[PDB]
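One protein chain, two forms: both are listed below as structure tokens, the first as structure 1 and the second as structure 2.
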Structure 1
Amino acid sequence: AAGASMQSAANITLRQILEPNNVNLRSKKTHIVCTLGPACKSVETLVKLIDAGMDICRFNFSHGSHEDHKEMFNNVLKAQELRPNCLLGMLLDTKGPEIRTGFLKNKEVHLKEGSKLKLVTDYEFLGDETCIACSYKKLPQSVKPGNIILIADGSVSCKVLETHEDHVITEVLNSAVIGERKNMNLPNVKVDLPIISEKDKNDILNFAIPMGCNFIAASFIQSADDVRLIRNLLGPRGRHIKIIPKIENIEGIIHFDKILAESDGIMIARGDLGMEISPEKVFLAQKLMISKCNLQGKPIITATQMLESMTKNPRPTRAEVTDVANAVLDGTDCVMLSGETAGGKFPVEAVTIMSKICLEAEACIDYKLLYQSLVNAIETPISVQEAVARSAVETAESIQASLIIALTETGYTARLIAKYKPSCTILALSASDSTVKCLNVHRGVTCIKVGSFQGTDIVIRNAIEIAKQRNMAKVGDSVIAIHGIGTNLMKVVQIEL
């Protein structure tokens, strides 16, 4: 419940402001999660997204049937075949628990500020301006007098006056018009609904596991026990699938340290979170959560409305540009697009400008000062493995190495290096198909699948050759190689011939 959030020290020159950036968009360090939807169902669009900087594909299971998502998944596989050097991570976002209003007698009601509104748990009641149903049966046992209830993306706020067994009575706090089946939020209240419904269970056990998804973004995580429940559900079958809790309400913030301990990474669901804490507090939660994830070496995705005005316009606002840029400078591993790619009119443009902003933000980071801030903020007894990973980053910066090459079966070594944020690419070499796609969630890590049961030096030399072929390294460069993470080893190789 305390974080000394420190920005990456920035160095900004006139040259960077004035000279065009002409580097490959996939050379960026920050990775992009793209939500798939009708606006990018074509294989042609998906290849264009790949070329624009897409690294992780998000399947939002709040909507759509398994066949709708399976058809999208298969078109992703074809795009993957035409871009075999750009291995994409596959992320399933659970629908999770929802609270909705009921139906209305005349399809719409005009709630008046000052008036009073009854919220009943009989979801079959046709509502009017005086009384509306709520799908959350335990609403009356969850809210207390004085609690605030938000309806329809927070367009209406209601103050709980009385609670009874099958209904609650509120005061409407502002006037607004609302329709049927609108979302509801219960700020500062723990929601007593299953983190994983049978619907969610089916999506995980019969889509995520069989289709080979790499991440589960678990909507509305409120406790470390929610994470353990999902881990147990995945079982040995899904044990290589990473669980990424979505922090969406005050419970998730209160228990963040313990949620993060059980997790493989975090997604900041900023939109939903702004309907539980006040909007002006969301930037504080973003910066605190990013800083805590940085300190633990756990990857974090910043999500929701980073380029929202791009759902219609081909260029973003000045605020959205700094939002993406500052999330990078804050220390995020990934940034996210939702409607900008799933349904908007400029999906390729959105990913393209997002990649360009990331490149500009990354270019101004002071990496020697970033490194020292991390080193000074981490507990003093570190493991041998972490100290060697640390020395790879240090050494690379001191000699201006073009690559750190990490040989890693589980990904552990590459994650330890990524924790210390080197200015050069981390090239992770793994014989695990899972590891090679799971490491995408970490800033600055690119992976190559290699064969099992190979000599370490053969693998490193093969990797250096591939790196040359991909213009990731050239003759006369130094590269760091780290492996064995009992002998943990750091070596420096000059690229010759």
Structure 2
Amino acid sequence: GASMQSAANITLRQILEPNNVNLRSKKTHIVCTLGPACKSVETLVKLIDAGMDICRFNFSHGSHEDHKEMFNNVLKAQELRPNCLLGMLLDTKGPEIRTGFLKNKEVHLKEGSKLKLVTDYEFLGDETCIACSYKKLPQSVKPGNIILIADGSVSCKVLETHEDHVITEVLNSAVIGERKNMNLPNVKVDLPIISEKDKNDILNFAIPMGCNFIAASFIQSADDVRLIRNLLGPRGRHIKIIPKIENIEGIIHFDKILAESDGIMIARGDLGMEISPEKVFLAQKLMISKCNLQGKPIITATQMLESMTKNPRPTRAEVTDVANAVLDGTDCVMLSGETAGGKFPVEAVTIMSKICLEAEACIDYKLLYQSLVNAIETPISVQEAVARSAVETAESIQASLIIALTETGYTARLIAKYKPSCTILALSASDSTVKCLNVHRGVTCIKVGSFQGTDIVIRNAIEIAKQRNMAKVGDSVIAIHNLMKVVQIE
């Protein structure tokens, strides 16, 4: 249980006058799933200009080599955009059930047609016959059952179950590519949380490549989170674990999963295949509420701008979904197929930033802070109080920035919890910190020198803030490191 959503203030002015502010000045961060549509350095720079903050590498697709290439192109895109430090997110395979490979890379499934599902996962399929990664499929499904494919974009009714295959009837026309996700109704999937393939993805890519986050697919318990932490060991001590909530067990054990985790991802695609589509908005709102209360970052994911895979504009529902995720209190929003395989990756990232800018602009921050402080039980730590004091002071004097000097990012995470109206400028001499803080709403990072003076580091930040149009002369800034001070910009 929980109670929700931030108070809005909408004027005619907001609806009619254009919001010409920079797309990178927004508070909500964007997770972009990388793939063929945005592989080039040139597209990665365009995505940075449009508002990309975190890069998602889905290990359910591609290969280590193709992911290694995309990763290095991101590093080259960062050399072209020095004021942008991107977080690197590895999204695991986990205990997934997938469709197979295809002869012509795309099949055009038609409503009313029969589709045979085979267990030979090496088989290159076509619209008449496709493979399933799950060898127990014939024994697991029964005639009448609805197999869901690609976030439920395809529904198949089981007609007959055999020894090695299943005959289905396609219930709707859809075009799908390779290795689409699947859901088998009321089937207890006999698959480990961490497979040998997951182990090779984490140890042989995540740790050597320098990923900041592990988005663990299908987490069911706090024990699963500890298992990954242990797998990561001493070398991966700075890699954050973001469990993905996408099954009933993740919902039931949410509170404990959240306690062990470094943040959460609401994996609505697979979740909306497991539970009734109408139940997902409840699960979304509940999980955001809880995360906001614990000060843990949350990523709202999947089918946010779905139509944008084919159209340069989103539907009406898609706009409200992004806006309402922001007003619910999400730290991040996410783009999946819209960036990885769609026709308009840049225009998808662009309008998402515009929707975030609009939604953030009508939030009632004075009220938002009051509602947080009322929910959080006091006494609180000295660090939390000073962090909170910074947010209230910033709001009272209409300060442009909160500058936090932090090695671990702890101070910045504490300020972020109180959702200030202004940007948080986290200043750190750690490379993991400056990229890990990207998952927290409204936190912008500057990488500083390891043993540099408090006041010189603050002036260099003010100088970069002036250089980035974040603050002008005459403005006030809050500086925090246990103390808080108000500096007038000059």
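Whichever C-alpha set is largest while still superposing within 1.5 Å between the two forms counts as the rigid core. Numbering for residues begins at 1 and runs along the sequence of structure 1.
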* **Hinge assignment for the rigid-body change between the two structures, options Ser291, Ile148, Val282, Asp192** => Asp192
* Structure fact -> In degrees, the rigid-body rotation of the smaller part relative to the larger between the two structures is 42
* What's the distance in angstrom the Cα of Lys137 travels between the two structures, core superposed? -> 7.6
* Would you look up how far the C-alpha of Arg470 moves between the two structures when the rigid core is overlaid, in angstrom? => 1.7
* Backbone CA shift between the two structures, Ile458, after core fitting (angstrom) -> 2.1
